[PDB]
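Down below is the structure, laid out as structure tokens.
Sequence lines set the chain letters: A, B, ... in the order given, protein chains first and strands last, and positions in each chain run from 1. Atom set for the values below is all heavy atoms of this structure, side chains included, hydrogens, waters and symmetry mates excluded.
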Amino acid sequence: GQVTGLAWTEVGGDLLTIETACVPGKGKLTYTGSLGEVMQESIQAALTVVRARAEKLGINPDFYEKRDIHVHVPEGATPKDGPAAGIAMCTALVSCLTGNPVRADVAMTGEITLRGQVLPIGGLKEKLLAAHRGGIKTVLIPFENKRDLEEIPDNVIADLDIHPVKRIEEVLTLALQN
Amino acid sequence: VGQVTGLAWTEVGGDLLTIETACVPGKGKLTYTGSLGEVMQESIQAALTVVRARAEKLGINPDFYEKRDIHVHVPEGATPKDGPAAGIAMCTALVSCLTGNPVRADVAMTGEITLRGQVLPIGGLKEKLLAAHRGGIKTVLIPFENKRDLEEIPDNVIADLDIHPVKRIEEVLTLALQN
Amino acid sequence: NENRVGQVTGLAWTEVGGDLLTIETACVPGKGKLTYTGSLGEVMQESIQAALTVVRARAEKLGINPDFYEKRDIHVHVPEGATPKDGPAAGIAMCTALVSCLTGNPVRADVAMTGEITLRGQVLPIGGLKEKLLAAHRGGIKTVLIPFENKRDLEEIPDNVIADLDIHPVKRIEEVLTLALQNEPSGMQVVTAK
Amino acid sequence: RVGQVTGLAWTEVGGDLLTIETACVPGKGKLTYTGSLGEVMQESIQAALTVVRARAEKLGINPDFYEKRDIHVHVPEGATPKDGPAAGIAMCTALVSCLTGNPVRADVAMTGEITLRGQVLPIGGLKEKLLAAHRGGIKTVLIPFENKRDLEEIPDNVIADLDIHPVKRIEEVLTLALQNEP
Amino acid sequence: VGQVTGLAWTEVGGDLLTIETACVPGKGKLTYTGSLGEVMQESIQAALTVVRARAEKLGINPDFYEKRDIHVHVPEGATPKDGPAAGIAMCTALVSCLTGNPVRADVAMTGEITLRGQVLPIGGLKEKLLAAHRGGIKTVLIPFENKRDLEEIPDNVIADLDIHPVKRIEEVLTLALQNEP
Amino acid sequence: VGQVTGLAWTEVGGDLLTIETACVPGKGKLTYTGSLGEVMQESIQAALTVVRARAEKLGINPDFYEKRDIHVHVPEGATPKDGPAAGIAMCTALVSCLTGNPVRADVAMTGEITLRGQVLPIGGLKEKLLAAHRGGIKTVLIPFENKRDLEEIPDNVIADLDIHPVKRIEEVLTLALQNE
């Protein structure tokens, strides 16, 4: 129920620790963390991808009738917005609802869609620089951000194991431990 | 999830958009997202009402809404968008979702939808068809009263595109759904 | 005919002027919900709520089952979607459309109407009558229902408008419905002979 | 007429004759308040309803009407902004009227702020209110008791034509205004 | 219906206020009206919580907040009020309403209430106690920590007043309710 | 019991907060009042999710979220309060309230809470501990990473407080509550 994402904050692209809790409940979605509206919408999108694909994910199709879900992104006081945490949100929800832990030294950036495709984001360099400083080994980026890998310093590309992904299935396969 | 390429006004970039609609286990909740302005939001409601009103003839359970939640999402999520032009795409995406009847990926569409299922003309036909052309789209559905606006579209664009002027939502679904 | 159920031409204010409104209503299976859209200003939204109350208050006379109603969702929409509409002048049109939608009673072709609705069923005069009638005249509307108290305002509207339009001044909503709908909405028909 | 009360209160064009309408059709307890009402006027409706709820058994009204009835209070004309607490007793009267089927008298107008205790509080702009009523042909006007001192600042010709009843409590209001005794 | 004379901030200034409270058959819904500002609104919620958390001690059927609907109104409806200083009045009014224990007519009170039932000091004590006096109020309840603020108000005003500094809500209710809570 | 002294940001008056909570039989309504800023309101949501996640190990009945109404109030009511520093205090108060477990006297605490139960560093530590000291707080729990900031603080202040740098919410409940 914890994933490292790369997304926009008040001070630039950054490592975010995305948290999701899925305690027994009645189907309420709470999300907090000084989130802007586009980031809030990415969470609804990510939840809908899970609900639509629940059977595929070994999750009870009616799980949202018996679960309350809280997505929180610290630091609580730092403003964050944008769609780039989309695949991280989805991954955290799948982890939480399945009990399948998330890989330690992995981070990810990318906008999610209901169809499960992963869309390119902006400020990739800033994002990959943030993951490099944090000692992140593996980074998932959208397939269409490959062109942007040119602007990145050679030493950072060399240190990072970067995976361009097209689809959410790819993301879950790489990020989850099982 | 249902999936349809629409042409509708966006604040930045092109007017070519993927209208997405999921119809998951739920209890009759509608969610709509995608940096949508109010007129676009209201077209989602109108589109959903069209399906609800024609559910039996469409091959859908009239009481589907009791046991389904609907999310309508229009990527790219941060791109501000507005207007009624994605209406027929929304209706198509919702019929696809609730029947499991795939949409032709080589077809895009534009047009305002009415509760009577009629397709109304839209503005910026040129903006839209250039996006459809540059987006590699082969077939475009447009409103019937927009036919006279085709006279101001570049010849190559007219040459490349298979434009189909439509009047009614029945025409749209026949032209866009695979079965 | 089926296409005439829940479709009413009102005359109210738009961002272009006091023009024609094609007022749409669907009554689909549901749970008692009312939705209204079409870039409506707040005064117009309140007219729709007044109009539905009027219907609900006269449901027995109108033959609308209270329980069927509670298992319907209602959606009033006024295209074109992007054009701002406001004012209380679509009140009787809204009520007509709702009665039509809920009872499967098609609205007569080539009728338009204008008038503010009250909860007591009274039809109150409206403003900009001249421009509304220019709007009806321009759209080949033949029969226009107006408030009985706007009758004095007919004098400033040219002869041909009055020669072309069939104007029926109305006092109450029961009259509107009888004039606007295909079948008589309120009451079983009794046939008598002298 | 059941559910209609003539009230005097402020509008954007001044303290004018108001026709307060209420409908109470069977529902689930929904409360709709329309007519370009300002927030203070909206709060007066909620106060008026509370007064009625507390006196429900005393008024012959089934106590659990707040759960089995939908109530819609509307004040034409829809486009004219109305505000203030002066329609309070009129809101209560129309509300009691509707829920009991007890017709309101057409020759009675009324103004006054209502409290949950059912007390009638003095209001403002009494001059405009009564001049309005007088041009409107109203025979009888109920005013707040503490507003009697304001009567001496309105023309003698207007007041002589009016049957003015100063009221202190809501039950007084109801007995003068309802066709049958509540 | 409960009624209490509170002293609290109004648009015109700190003044005499009749806090009303009705408690009819209901499903546990809370209504507050009277042009109340947000801090005054939260004071009502704080006051209600005190009563719920102390219900049986107050002799109130603990399950009252699913059997009762509550409306707190403060006339005059058009006069903007705000602040936490009517909190102990709100709570007195609720307790009176839910118990039928009349509140004395010669008593006015001012004070912020906490969930623990503590009375916290308030501002504008001068203008508050002047209003009480002008209204012919006999006894006034103020927060204990407002005692030194009494030395800034005219001695002629204060000498006419029976001033009771309180620390806790049980003092308020014992001093203000006509029968013993 | 349900009463916790937390140190967090205020517009005026000391950075000391008295956090009160009530947990009565109910249908599951959360009320939070006290002129609370959005970030502080969110901190309450987070603290409550923590408690829910750990309800069973905390001896709280799992279905409290639907059998209980909870009102979190922070006096003085007209004093604006904001920020995340009251997070661990909010959690402690809720646990104390739902368990009947009293909080230890003269304990205060500052710290941002995460859903996983990690205590995050805060700002204005100096002002916070000055308020603790004048409040006669003896024991203060701060975030482990605020240890660096203790260097910036007067010697007499450091002297009279029993300052405990904590990493997790388990240390916080152990140091703050009178029972387990």
Side-chain angles (χ1 to χ4, degrees), chain A residues 1-5 9-11 14-37 39-40 43 47 64-81 85 88-89 91-93 95-99 101-104 134, chain F residues 8-9 27-30 32 36-58 60-68 81-91 94 110-124 143 145-146 169:
Chain A
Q2 177 173 346
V3 177
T4 305
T9 69
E10 177 183 84
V11 292
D14 200 28
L15 286 178
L16 299 191
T17 295
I18 286 85
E19 298 185 297
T20 62
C22 33
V23 303
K26 307 267 135 161
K28 194 47 169 64
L29 175 66
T30 301
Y31 42 72
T32 53
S34 292
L35 314 176
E37 298 187 358
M39 186 163 279
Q40 297 171 31
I43 304 170
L47 177 57
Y64 199 43
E65 209 184 325
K66 302 188 280 192
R67 225 83 54 186
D68 282 344
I69 295 168
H70 187 173
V71 181
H72 179 62
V73 188
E75 293 183 87
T78 301
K80 313 162 188 77
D81 208 4
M89 297 302 174
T91 299
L93 290 168
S95 166
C96 195
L97 295 165
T98 52
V102 178
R103 264 176 76 182
Chain F
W9 184 89
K27 294 283 170 163
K29 185 49 159 52
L30 171 55
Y32 41 64
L36 308 182
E38 294 190 353
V39 170
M40 179 157 292
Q41 297 182 51
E42 295 193 349
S43 84
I44 298 167
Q45 289 182 302
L48 185 55
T49 293
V50 169
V51 179
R52 292 190 61 175
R54 298 158 184 252
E56 295 144 28
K57 76 212 276 192
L58 285 171
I60 307 169
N61 204 314
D63 288 318
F64 74 91
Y65 70 101
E66 51 161 18
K67 291 192 301 290
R68 248 122 206 103
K81 305 154 196 86
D82 214 353
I88 57 173
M90 296 303 176
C91 193
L94 280 160
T110 186
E112 177 181 342
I113 203 172
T114 53
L115 293 190
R116 61 171 168 280
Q118 183 155 33
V119 185
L120 306 190
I122 39 77
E145 312 179 35
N146 279 126
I169 197 58

Nearest atoms (heavy-atom pairs only) where A/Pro74 meets F/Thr114: CG-CG2, 3.7 Å
Hey, could you give me the OG1/CZ distance between A/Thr20 and F/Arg116, rounded to the nearest 0.5 Å? 12.0 Å
Can you tell which part of F/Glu112 gets under 4.5 Å to a heavy atom of chain A, answering side chain, backbone, both or neither? side chain
Answer yes or no: does atom NZ of F/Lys27 have more than 12 heavy-atom neighbours from other residues, nucleotides or ligands under 6.0 Å? no
Euclidean distance, F/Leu115 CG relative to A/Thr32 OG1, rounded to 0.5 Å: 6.5 Å
Go through the atoms of A/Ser34 and report whether side chain, backbone, both or neither lie under 4.5 Å from a heavy atom of chain F. both
How far does OH of A/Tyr31 sit from CD of F/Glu42, to the nearest 0.5 angstrom? 11.0 Å
Side-chain touch A/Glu75/F/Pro84, heavy atoms, less than 4.5 angstrom: no
For F/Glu66, which atoms come within 4.5 Å of any heavy atom of chain A: side chain, backbone, both, or neither? side chain
Which bit of F/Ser43 comes within less than 4.5 Å of chain A, counting heavy atoms only: side chain, backbone, both or neither? neither
Using the side chain to side chain donor-acceptor pair (under 3.5 Å) rule, pick out the option among A/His70, A/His72, A/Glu19 that qualifies with F/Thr49. A/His70
